[PDB]
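Only one chain is given next, in structure tokens, and it is the form deposited in one PDB entry.
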């Protein structure tokens, strides 16, 4: 559409063009209503801009502002570009140059390299980085994984405090609560008993809502992590349920299951399952695999809990998931067996979006900062004819840059709580991701479920994982390995695919890298955790992350690629707009569309979730952490769902399921 250039040109007409001067204004800004001087730029970045303004102003190519779509730019304007008394002060390029400086500080070279690549749409950083980079309290991290400090009012309320402090800034929360005693449990020095997790959850629900103040963008939702042996498990998983008593729900928090392998076996073999209070059965969350199964079975023997039929729980879980899309599913044993952080202790949760897998304890709140590579941007014409090449060398090198960025962020970040700073300065985890897999397959003319798409997926993630580990090893040569590197799998030369007992695909030289790593270490304990990318991909104009498209339409967002093809066949007309709306966005079962187009523009409800699960399994061997595997069910059935779960579970997935999106 042409409405983009209209809006963009009109932003230009309402904004100063000299970057140094917009920085000046932003930095000099004063709250007229209050007389308070209210700077939107840090001292150190303001200075840097001033000490370099010529060099900075002239690197900006303001043309690049047009490389956004209408929906894209409006996303930028509505939430991203810094505002002055109600209206937009920053141009897109300003936002970008500002983010670039906030990341690189005095390294003007890097800053310019980041500006360039970002402005050309090669990658982007997560929302909190776009919001806060270069601003006075630069809270750039997206993820915090919080341990419930202790089963006491002090611990509970200390945790709640911490979560409010985190939520207030950017940053979602994954909070694990396995150590909280269940309903009916004994409390010393009183004859009343505990009312369990649900009342305590309602406290967190309430604080989640409170921390959301005005001009909306101080969000940071909560996901809560519970192992399914917890005695309060049946109420826990119903949190988002649409009905029942409004004093037992909690509609702003998300349930996530931290599932041991044992649970799944019990279900499969149609056996028993036992609920415990953490009090009556301590340590369950502080071991995994064999250790846990021994420990668990003993508590079972000792009569410490209440036994039910495993498939009772299972059935309930499926019903919650069907009706609400939750609880999420993440496999505790896959996460622990296959984590480079296993020298730290047992990992007890993932994050808000089920992609982060990092160690947390009461004094250590795991943090991650995220960025995503724009996959379609590495598509190239050959010595033409083809236009059917992916440039894996360019992708390798951008990943290298993004890795160096995410490292800078660790150091230039303002941490909302001391636990987060202690954690991140110690292990320095990082999280690279992607958007536009769907676009990329399409541009290369690959059906999502083809053997070419399957191969390209593998190669892509091999080069990102390789690139990041390489960039990271380089940093460890410059600055030393991260503090806890000694004793990790990676110190032993065990990398992620090794942990899946797989040879890597071999498009890159892993032995040399592995040699270098054992020699020099890595700067980062973890590097890859493909994430939802909701609004960042929207700004870039690409499909969410690594999923197929959900539609070829939307409101009247018509697939650029579909559309191109329809036209190249003339068959696209006016009674053509008519079909893709009347059917929710599918092209299958249309009378006059070439089979090849049908196969290429399969909608995610038309793709086999088995296919989906295989591809996630394929890429997972190169994924350090995990990834946000949404699952989509056509006409959901309890059996379809059970099969889908055990399939990913048996595939060794860490995150078996994020949202269940349905019908």
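Heads up, when I say rigid core I mean the largest set of C-alphas that superpose within 1.5 Å between the two forms. Shifts are known only where both forms have a C-alpha. Residue numbers count along the first chain shown, from 1.
Omitted here: the form solved in complex with a small molecule. The next part is about that form.
A.B. asks: Assess the spot marked by 46, 105 and 108: is the small molecule within 4.5 Å of a heavy atom from every one of these residues in the deposited bound form?
C.D. replies: Looking in the deposited bound form, the three residues 46, 105 and 108 all stay beyond 4.5 Å of the small molecule (heavy atoms).
A.B. asks: Even though the small molecule is not shown here, does residue 582 get within 4.5 Å of it in the deposited bound form, heavy atoms only?
C.D. replies: Residue 582: no, not in contact with the small molecule in the deposited bound form.
A.B. asks: When the contact criterion is heavy atoms within 4.5 Å, does residue 484 count as touching the small molecule in the deposited bound form?
C.D. replies: It does not: once the small molecule is placed as it appears in the deposited bound form, residue 484 has no heavy atom within 4.5 Å of it.
A.B. asks: Quick one: is residue 255 in contact with the small molecule in the deposited bound form, heavy atoms, 4.5 Å cut-off?
C.D. replies: Residue 255: no contact with the small molecule in the deposited bound form.
A.B. asks: Can residue 559 be called a contact residue for the small molecule in the deposited bound form at 4.5 Å between heavy atoms?
C.D. replies: Judged by the heavy-atom cut-off of 4.5 Å, residue 559 is well away from the small molecule in the deposited bound form.
A.B. asks: Please tell me which of 216, 592, 242, 382 lies within 4.5 Å of the small molecule in the deposited bound form, judged by heavy atoms.
C.D. replies: Only one listed residue qualifies here, and that residue is 216.
A.B. asks: Under a 4.5 angstroms heavy atom criterion, identify the one residue in 436, 548, 260, 171 near the small molecule in the deposited bound form.
C.D. replies: When the small molecule is considered in the deposited bound form, the option within 4.5 Å is 171.
A.B. asks: Of the listed stretches (137 to 145, 489 to 497, 291 to 299, 267 to 275), which one has a non-hydrogen atom within 4.5 Å of the small molecule in the deposited bound form?
C.D. replies: Going through the listed ranges, the match is 137 to 145.
A.B. asks: Which residue, 480, 345, 283, 219, is displaced 2 Å or more at the Cα between this form and the one not shown after superposing the core?
C.D. replies: The only residue crossing the 2 Å threshold is 219.
A.B. asks: Given a superposition on the rigid core, I'd like a yes or no on whether residue 591 shifts its C-alpha by 2 Å or more between this form and the one not shown.
C.D. replies: The answer is no; the displacement is under 2 Å.
A.B. asks: Spell out whether the Cα of residue 381 moves at least 2 Å between this form and the one not shown when the two forms are superposed on their rigid core.
C.D. replies: It does not reach a 2 Å shift.
A.B. asks: By 3 Å or more, the Cα spacing of residue 415 and residue 216 differs in the deposited bound form; is it closer or farther than in this view?
C.D. replies: Relative to this form, closer in the deposited bound form.
A.B. asks: Say whether the C-alpha atoms of residue 38 and residue 218 sit closer together or farther apart in the deposited bound form than in the form shown here, given that their separation changes by 3 Å or more.
C.D. replies: Here the pair is closer than in the deposited bound form; there, farther apart.
A.B. asks: Taking the rigid core as the frame, what runs of at least 3 residues have C-alpha moves of 2 Å or more between this form and the one not shown?
C.D. replies: Runs moving 2 Å or more: 213 to 220, 385 to 388.
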